[PDB]
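Since the structure comes first, as structure tokens, the remarks are kept for the end.
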Amino acid sequence: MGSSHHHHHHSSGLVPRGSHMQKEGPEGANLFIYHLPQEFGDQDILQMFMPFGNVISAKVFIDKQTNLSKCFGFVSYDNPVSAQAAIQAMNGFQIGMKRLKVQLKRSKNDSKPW
RNA sequence: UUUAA
């Protein structure tokens with residue numbers, strides 16, 4: 001087809017939306033955190049993980065039945081190098097009567113022995 | 001002690 005007008009930018013700035021929502025980086029750049037106390041939150045686990053690299057997204061899990069924290073969360077990086085560093089940086093971290101567990105997100109690349 | 005809420 002022929003050329004056409006670009007109709008200009010949608011907002012001349014950041015895209016408007018009802019939420020910032022979650023998003024992920026490349027493979028191996030995603031991270032998990034568990035054993036968190038209830039004082040954690042999406043911004044709190046974010047500030048805990050931002051010095052390890054550029055975090056694209058961060059969230060602490062919540063129960064829709066009680067609105068209490070599920071004591072674990074999810075985080076993601078723009079590269080796997082900052083992700084694997086953040087595992088060795090927060091895994092085994094003592095808080096309260098427990099130590100924080102940290103791990104990579106599940107993937108179909110690991111769902112098989114091949 | 002764990003994978004979208």
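Order determines the names: the first chain of the structure tokens is A, the second B, and so forth; residues in each chain are numbered 1 upward, and ligands are numbered 1 upward as they are shown.
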Which residues of stretch 45-111 of chain A sit at most 8 Å from stretch 21-24 of chain A, using only C-alpha atoms? Give each one's shortest atom pair and distance in Å (one decimal place), in chain and ascending residue order, as a tab-separated table.
```
residue	atom	partner	partner_atom	distance
A:56	CA	A:24	CA	6.8
A:57	CA	A:22	CA	5.7
A:58	CA	A:22	CA	7.4
A:59	CA	A:22	CA	8.0
A:76	CA	A:24	CA	5.7
A:77	CA	A:24	CA	7.1
A:78	CA	A:24	CA	7.7
```
As an mmCIF file with N, CA, C and O atoms, in the first residue's frame, could you give me every residue of chain A near chain B (at most 7 Å apart, counting only C-alpha atoms (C1' of nucleotides))?
```
data_model
loop_
_atom_site.group_PDB
_atom_site.id
_atom_site.type_symbol
_atom_site.label_atom_id
_atom_site.label_comp_id
_atom_site.auth_asym_id
_atom_site.auth_seq_id
_atom_site.Cartn_x
_atom_site.Cartn_y
_atom_site.Cartn_z
ATOM 1 N N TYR A 34 11.260 -15.253 48.141
ATOM 2 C CA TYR A 34 10.312 -15.872 49.061
ATOM 3 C C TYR A 34 10.836 -15.643 50.478
ATOM 4 O O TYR A 34 11.911 -15.078 50.681
ATOM 5 N N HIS A 35 10.052 -16.100 51.464
ATOM 6 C CA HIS A 35 10.322 -15.973 52.892
ATOM 7 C C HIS A 35 10.297 -14.514 53.362
ATOM 8 O O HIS A 35 10.792 -14.213 54.450
ATOM 9 N N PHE A 61 3.459 -10.510 46.169
ATOM 10 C CA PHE A 61 2.188 -11.204 46.033
ATOM 11 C C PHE A 61 1.167 -10.931 47.135
ATOM 12 O O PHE A 61 1.545 -10.772 48.294
ATOM 13 N N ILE A 62 -0.119 -10.882 46.779
ATOM 14 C CA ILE A 62 -1.186 -10.577 47.724
ATOM 15 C C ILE A 62 -2.334 -11.570 47.562
ATOM 16 O O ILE A 62 -2.626 -11.999 46.447
ATOM 17 N N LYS A 105 12.834 -17.588 37.483
ATOM 18 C CA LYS A 105 11.469 -17.922 37.083
ATOM 19 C C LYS A 105 11.457 -19.217 36.274
ATOM 20 O O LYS A 105 12.469 -19.575 35.669
ATOM 21 N N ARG A 106 10.319 -19.921 36.257
ATOM 22 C CA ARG A 106 10.171 -21.137 35.470
ATOM 23 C C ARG A 106 10.205 -20.811 33.977
ATOM 24 O O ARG A 106 9.925 -19.681 33.574
#
```
Handout entry: Pairwise distance for atom CA of residue A:42 and atom CA of residue A:74, rounded to one decimal in Å
Key = 8.7 Å
Practice task
Fewer than 5 positions away in the same chain doesn't count, so skip those; otherwise give me all residues within 8 Å of stretch 85-98 of chain A, counting only C-alpha atoms (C1' of nucleotides), as number ranges by chain.
Solution key: A: 31, 35-37, 49, 52, 103
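Interatomic distance, atom CA of residue A:27 to atom CA of residue A:79: 8.2 Å.
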Practice task
Could you give me, as a PyMOL selection string, each residue of chain A that DSSP assigns to strand (DSSP E) when run on this structure's backbone?
Solution key: chain A and resi 30-34+55-62+69-77+94-95+98-99+101-103
Exercise for the section: Write out as a count of residues only all residues of chain A that DSSP puts in helix (DSSP H, G or I) for this structure's backbone. Expected result: 22
